[PDB]
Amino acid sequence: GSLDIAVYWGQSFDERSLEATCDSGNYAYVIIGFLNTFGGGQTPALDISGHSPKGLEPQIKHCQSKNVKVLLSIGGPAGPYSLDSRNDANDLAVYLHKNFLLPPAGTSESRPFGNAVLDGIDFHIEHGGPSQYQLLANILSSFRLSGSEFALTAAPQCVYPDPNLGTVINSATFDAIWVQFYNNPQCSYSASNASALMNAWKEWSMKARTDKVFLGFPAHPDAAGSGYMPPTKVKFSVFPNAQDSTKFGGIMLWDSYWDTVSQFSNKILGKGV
């Protein structure tokens, strides 16, 4: 009844399985990344590091049976995704809704993850935006109000306001955001000094129009170019001030593959290493 951890999954063919990731008991959210191809005349495509999309169906259900929420992340660190036209936004919204956020209907749906129904969509938009991402969020949010309830989340970089997602975050549409306090020395843990990190956190927690702000950290030094902060340091230096915010959601970890190696979340939670 204390720390919620969101974790990205799908980043390595050889990673701990989705079902085993959920079985750790360490995570409140598992975020499958990524639908990294869409927009500009492209057909939608997943890059989930060679994992079988249809094979995820029972694993997603297992996760959900363990009261882990499972999201699909759109965009990702890189990839041929864009959302320049209003039609692109409509198309992506409908595709996501029909294939991932509703039970199957008819026979024409591609159902990448089979008959699984996901708990929401994560906006990990790292280039291009703000584009038509506001319209995409508007249409998905409309669906949130007209059928199955699901979450909308975002993964901005740590400079407030985010260049790709800042305007969409300002609409208050996201249930939660996890800020990437890494690959960005100006707003991350750096030179063994947390001042810039804590200044950035203060701003995000004050200004981000969302009920829950999570702090995103790398799970291992190799998981990001910069910004790794050891788990004892996060507990000691970040948590007392972060917990003073009514918006404190917990932490997000990049990513399950590396967390399996490092046992970062085990250390955060005080579970045996």
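For every residue, the number given is its place in the sequence shown, counted from 1.
Averaging C-alpha B-factors over each stretch, which comes out higher, 168-176 or 193-201?
Per the PDB entry, the higher value belongs to 193-201.
Should the higher mean CA B-factor in the entry be assigned to 3-11 or to 263-271?
On average, C-alpha B-factors are higher across 263-271.
Can you tell me which of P218, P44, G50, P58 has the highest Cα temperature factor in the record?
Comparing C-alpha B-factors across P218, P44, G50, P58, the top value belongs to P44.
So if I compare the CA B-factors in the entry for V213, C63, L35, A242, which one is the largest?
When the deposited C-alpha B-factors of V213, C63, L35, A242 are compared, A242 is largest.
Modelled-residue ranking by C-alpha temperature factor, third containing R111:
Highest third of the chain for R111's C-alpha B-factor.
Relative to the other modelled residues in the chain, which third contains the C-alpha temperature factor of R86: lowest, middle or highest?
For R86, the deposited C-alpha B-factor lands in the highest third.
Based on the entry's values, in what third of the chain does the Cα temperature factor of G147 lie: lowest, middle or highest?
Its C-alpha B-factor, which the entry lists for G147, ranks in the highest third among residues of this chain.
Could you place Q134 in the lowest, middle or highest third of its chain by Cα temperature factor, using the values in the record?
Middle third - that is where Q134 ends up once the chain's C-alpha B-factors are sorted.
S141 CA temperature factor, ranked by third within the chain
Its C-alpha B-factor, which the entry lists for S141, ranks in the middle third among residues of this chain.
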